[PDB]
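# Summary of structural features
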Protein chains: 2
Amino acid sequence: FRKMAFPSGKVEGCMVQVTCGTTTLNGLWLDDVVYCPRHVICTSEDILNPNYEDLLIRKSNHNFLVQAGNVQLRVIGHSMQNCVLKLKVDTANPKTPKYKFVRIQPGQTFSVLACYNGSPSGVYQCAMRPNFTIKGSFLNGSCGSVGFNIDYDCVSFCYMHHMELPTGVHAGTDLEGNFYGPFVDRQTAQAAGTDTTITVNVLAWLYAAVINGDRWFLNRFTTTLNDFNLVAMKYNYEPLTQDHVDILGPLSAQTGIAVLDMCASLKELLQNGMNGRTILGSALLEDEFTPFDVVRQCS
Amino acid sequence: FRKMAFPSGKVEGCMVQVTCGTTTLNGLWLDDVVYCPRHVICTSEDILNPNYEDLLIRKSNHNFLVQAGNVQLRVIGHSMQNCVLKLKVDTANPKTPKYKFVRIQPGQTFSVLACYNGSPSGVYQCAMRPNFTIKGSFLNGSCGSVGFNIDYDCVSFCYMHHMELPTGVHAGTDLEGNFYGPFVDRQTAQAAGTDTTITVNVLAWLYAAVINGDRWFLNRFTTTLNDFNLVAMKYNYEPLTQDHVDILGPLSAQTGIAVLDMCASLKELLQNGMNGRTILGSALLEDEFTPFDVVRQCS
Ligand SMILES: *[C@@H](O)[C@H](C[C@@H]1CCNC1=O)NC(=O)[C@H](CC(C)C)NC(=O)OCc1ccccc1
Ligand SMILES: *[C@H](O)[C@H](C[C@@H]1CCNC1=O)NC(=O)[C@H](CC(C)C)NC(=O)OCc1ccccc1
């Protein structure tokens, strides 16, 4: 199995650059609105504890330089929604895809189009960790890069990049500017809470192994969801939700292995280890493939 | 630090679907020519042992059904270059990027845009293995998907997909239709030569681990180039040349670790194992990042 990003072309056509002062970051141009991180209006003196409301009252439309490549888009209105700035421009983007703004859950994956100065640089898959960070690859100038899923030509934007944490992982908002996790857009020392293993994704990976004929770990036990969740927490695994059980439905049907039976299999792996055996050619259990990713790659 | 693919938009606009008889696969539309694998002309019986020139002379232009999105393109001519068919169409692709056709070297990387029925499905990074296979993610109908690199807006196409070996690795051609490796577009179970590990890429990846603040594998020892190559060859690694040492220059200069010092690190890792530890989250030595890949991502 491979981490497979979505084709990025529909998002590439939406990337612009936004400069305020000497700060340039990326923005997302959909119809006649450009979305970008609000900290673009900050100066080096403002970043430690910015007063965003007061900083925005001092700004005008003519303070914002929005460029598609080197072509300026005239700004005709501006507002702030949570942690994102919305700049109304005088041109509707003709490359706007069908799209939706979505807030994802921990465990869900998405493609990131890493951008600099409005120019796309690369694309890769990320998983939202239970502590609401992602292991991205972002350098200076990457803020405003977005993460997305594509379903039948509709782009669901779920992530806009804002910051790096001391441990090297990353944090950001949805496209309504609401941070994932307990982070704030200040230049302050923030620490990711203790992370956990994404149980629903590990189960998806065990289903993927079974589909491919690797099923030594299928055992003779079952469990209740509550009994499993209590054991999972003792191994730093996430508890399963009702939604998790349901999204494992298609893989359970495809293999004929009930979800709670697979849970009992993983429970044995957690209490006894792998004993030098592998699963899908790996000694480690993979937790960044969702049940959709497994189906997507096997279809 | 992640495996990062190039943004795929410039290639997406080039993908079309090619149908001949009962066979459907993808084609690459540049200017007024569509490139696709020639085994599209084969039927279920032809494929075991096809005489392609004989099969192709018996085809007409109207035997080829080319679809770009919903619109039909009309084939007004056709020729064959090695294992690739060149279908001349009456419309120029308006989305043709600046492009070149290149034959890539073993150890080099490229991005694959996996397509089905002419529609892009996913994007991911691959390396050309020393045995001229690629470890990809390809299903039925993925033939004609292409691999590429992008440099300053110029797409360099290096790979077109043709088949999957029984081991699950993949084989294809350059855009001139010549296979990478000893493979042939016939429906037979084919084996590759023994694969080896791309040593220069393992070293680049160890340097990436240090740029990202990881050092558990470093040691105080050093080695000569020839002594390293003796151990490398013993573990089925490719030889390291002086040109490789030079190409690793920037990564050594950035981290202040001499190339031959890092070779002594890898020698130790090869002779001791990783001992249950991980490097950049991996439990195995990674050889699909080139020195350029590491540089581009890290700076
Ligand atoms: C967006 O331009 C930038 C993304 C950082 C740059 C280095 N890697 C990243 O992901 N965001 C910030 O620099 C962000 C801005 C406000 C939230 C204050 N601040 C931040 O991430 O603090 C940590 C940091 C700053 C500069 C370099 C490295 C880490
Ligand atoms: C192209 O659409 C298709 C590629 C994929 C790769 C994954 N599974 C696929 O089907 N190519 C073929 O089907 C190819 C056709 C030949 C005429 C080149 N055949 C092939 O991959 O067969 C491999 C094979 C043949 C006999 C025994 C075992 C394997």
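Conventions used here
- Residues numbered from 1 in each chain as written, not as in the entry; some residues may be left out.
- Chains lettered and ligands numbered in written order.
- Heavy atoms only, no water.
- Residues with missing side-chain atoms left out of burial classes, pairs and counts.
- Helix = DSSP H or I, 4+ residues; strand = E, 2+ residues; numbered from the N terminus.
- Expected span 1.5 Å × (residues − 1).
- Buried < 20%, exposed > 50% of the residue type's maximum accessible area, 1.4 Å probe, protein only.
- Contact = heavy atoms within 4.5 Å.
- Domains from an automatic or database assignment.
- Salt bridge = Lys/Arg side-chain N within 4 Å of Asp/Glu carboxyl O.
- Near = heavy atom within 4 Å.
- Polar contact = N/O pair within 3.5 Å; in protein donor to acceptor, adjacent residues only side chain to side chain.
- Nonpolar A, V, L, I, M, F, W, Y, C, P; charged D, E, K, R; others polar.
- Axes fitted to C-alpha atoms, helices over the stretch in contact; angles between N-to-C directions.
- Parallel < 35°, antiparallel > 145°, perpendicular 65-115°, else oblique.
- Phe/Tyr/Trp six-rings, centres within 6.5 Å; stacked < 30°, edge-to-face > 60°.
- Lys NZ or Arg CZ within 6 Å of the ring centre and 35° of its normal.
- Pairing = 2+ DSSP bridges.
- Areas by Shrake-Rupley, 256 points an atom, 1.4 Å probe, with all protein chains shown as cover.

For this deposited structure, the header cites X-ray crystallography as the method used and 1.68 Å as the resolution.

## Section: the overall build of chain A
Counting its secondary structure elements, chain A contains 8 helices and 13 strands. Dimensions of chain A, computed from C-alpha atoms along their principal axes, come out at roughly 70 × 40 × 30 Å.

## Concerning helix α3 (residues 199-211) of chain B
All names here are of chain B. Given a rise of 1.5 Å per residue, 13 residues ought to cover 18 Å, and the 19 Å separating the end C-alpha atoms of α3 matches this to within 8%. Judged by how many residues are buried, α3 sits mostly within the fold: 12 of 13 residues are covered. Regarding α3, the residues found buried are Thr-199, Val-200, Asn-201, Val-202, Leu-203, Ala-204, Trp-205, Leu-206, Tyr-207, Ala-208, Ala-209 and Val-210. Contact partners of the buried residues in α3: α4 (225-234), α5 (242-247), α6 (249-255), α7 (259-272) and α8 (291-298).

## Remarks on the domain arrangement of chain A
Residue and element names in this part refer to chain A. For chain A, the assigned domains are domain 1 (9-173) and domain 2 (199-297). Placing the centre of domain 1 and that of domain 2 at their C-alpha centroids yields a distance of 35 Å. At the junction of the two partners, domain 1 supplies 8 residues and domain 2 supplies 6 residues. Counting every contact that joins domain 1 to domain 2 gives 2 salt bridges. For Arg-129, the salt bridge is made with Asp-287, and the minimal N-O distance between the two is 2.8 Å.

## Re the site of ligand 2
Residues and elements named next belong to chain B. As a matter of local geometry, ligand 2 sits amid 15 residues, with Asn-140, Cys-143, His-162, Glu-164 and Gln-187 nearest to it. One of the backbone N or O atoms of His-162 is found 2.9 Å from a nitrogen atom in ligand 2. Within the backbone of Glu-164, one N or O atom sits 3.1 Å away from an oxygen atom of ligand 2. A per-class count over the shell around ligand 2 returns 5 nonpolar, 8 polar and 2 charged.

## Brief notes about the interface of chain A and chain B
Often the size quoted for an interface is simply the accessible area lost on bringing the parts together. Each partner contributes to the interface: chain A provides 28 residues, whereas chain B provides 28 residues. If you list the elements that add at least two residues to the side of chain A that touches chain B, you get α1 (9-12), β10 (119-127) and α8 (291-297) of chain A. The biggest single contributor to the side of chain A that touches chain B is β10 of chain A, with 7 residues. Classifying every residue of the side of chain A that touches chain B by side-chain character gives 12 nonpolar, 9 polar and 7 charged.

## Quick word on the pattern of salt bridges
All names here are of chain B. Scanning all chains against the criterion turns up 16 salt bridges over all chains. The shortest N-O distance in the salt bridge between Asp-32 and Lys-88 comes to 3.9 Å. Taken together, the residues span a long stretch of sequence, with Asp-32 in the loop between β2 (23-30) and β3 (33-37) and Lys-88 in strand β7 (residues 84-89) at a distance of 56 residues. Residues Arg-58 and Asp-54 are paired through a salt bridge, measuring 3.0 Å at the closest nitrogen-oxygen approach. A relative accessible area of 61% means that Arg-58 is categorised as exposed. What makes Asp-54 partly exposed here is its relative accessible area of 35%.

## Topic: the packing of α3 of chain B against α7 of chain B
When two helices pack together, their arrangement is given by the angle between their axes and by how far apart the axes lie. All names here are of chain B. Relative orientation of the contacting elements α3 and α7 amounts to 100°, with a least axis distance of 10 Å. Judged by the inter-axis angle, α3 sits roughly perpendicular to α7. Along its contact with α3, which presents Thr-199, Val-202, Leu-203, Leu-206 and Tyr-207, the element α7 presents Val-259, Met-262, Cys-263, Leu-266 and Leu-269. Here the contact of α3 with α7 is built from residues that sort into 9 nonpolar, 1 polar and no charged.

## A short note on the packing of aromatic side chains
Residue and element names in this part refer to chain A. The tally for this structure, following the rule as stated, stands at 15 aromatic pairs over all chains. Pairing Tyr-124 with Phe-138 gives two aromatic rings, centres 6.3 Å apart and planes at 55°, and the pair type is tilted. Taken together, the positions of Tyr-124 in strand β10 and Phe-138 in the loop between β10 and β11 (146-151) put the pair 14 residues apart, joining distant regions of the chain. The pair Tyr-124 / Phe-138 is uniform in exposure class, with both members buried. Measuring from centroid to centroid gives 5.6 Å for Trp-216 and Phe-217, while their planes differ by 85°, and the two rings are edge-to-face. Given a relative accessible area of 26%, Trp-216 falls into the partly exposed group. Under the relative-accessibility criterion, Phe-217 is labelled buried at 3%. Across from the ring centre of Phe-289, 4.3 Å away, lies the NZ or CZ of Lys-3, which sits over that ring. Taking NZ or CZ as reference, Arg-103 lies 4.5 Å from the ring centre of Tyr-180, over its face.

## Focus on the environment of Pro-166 of chain B
Residues and elements named next belong to chain B. Tracing the sequence through the fold places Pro-166 in the loop between β12 (154-164) and β13 (170-173). Separated by 70 residues in sequence, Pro-166 and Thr-96 place their C-alpha atoms 35 Å apart. Among residues more than four places away in sequence, those in contact with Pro-166 are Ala-189 and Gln-190.

## Looking at the sheet that holds strand β5 (residues 71-73) of chain A
All names here are of chain A. Pairing is antiparallel across the open sheet formed by 7 strands, whose spatial order is β5-β4-β1-β2-β3-β7-β6. Pairing within the sheet leaves two strands with one partner each, and these edge strands are β5 and β6 (75-81). In this sheet, neighbouring strand axes are inclined to one another by 35° on average, regardless of whether the strands run parallel or antiparallel.

## Some thoughts on the site of ligand 1
Residues and elements named next belong to chain A. Around ligand 1, a shell composed of 15 residues is seen, among which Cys-143, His-161, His-162, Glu-164 and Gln-187 lie nearest. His-161 is positioned with one of its side-chain polar atoms (N or O) 2.8 Å from an oxygen atom of ligand 1. Relative to its free-state accessible area of 580 Å², ligand 1 is covered by the protein chains to the extent of 78%. Element by element, the count of residues in the shell around ligand 1 is highest for strand β12 (residues 154-164), at 4 residues.

## With respect to the sheet that holds strand β1 (residues 15-20) of chain B
The strands that make up a sheet pair up through hydrogen bonds in the backbone, lying either parallel or antiparallel. Residues and elements named next belong to chain B. One open sheet accounts for 7 strands, arranged β5-β4-β1-β2-β3-β7-β6; its pairing is antiparallel. Each of the sheet's edge strands pairs with one partner strand only, and the pair in question is β5 (71-73) and β6 (75-81). Along the sheet, successive strands turn relative to each other by an average axial angle of 35°, direction set aside. Bridge count between β2 and β3: 3 bridges; the pairing is antiparallel. Bridging across to β3, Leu-30 finds its partner in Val-33.

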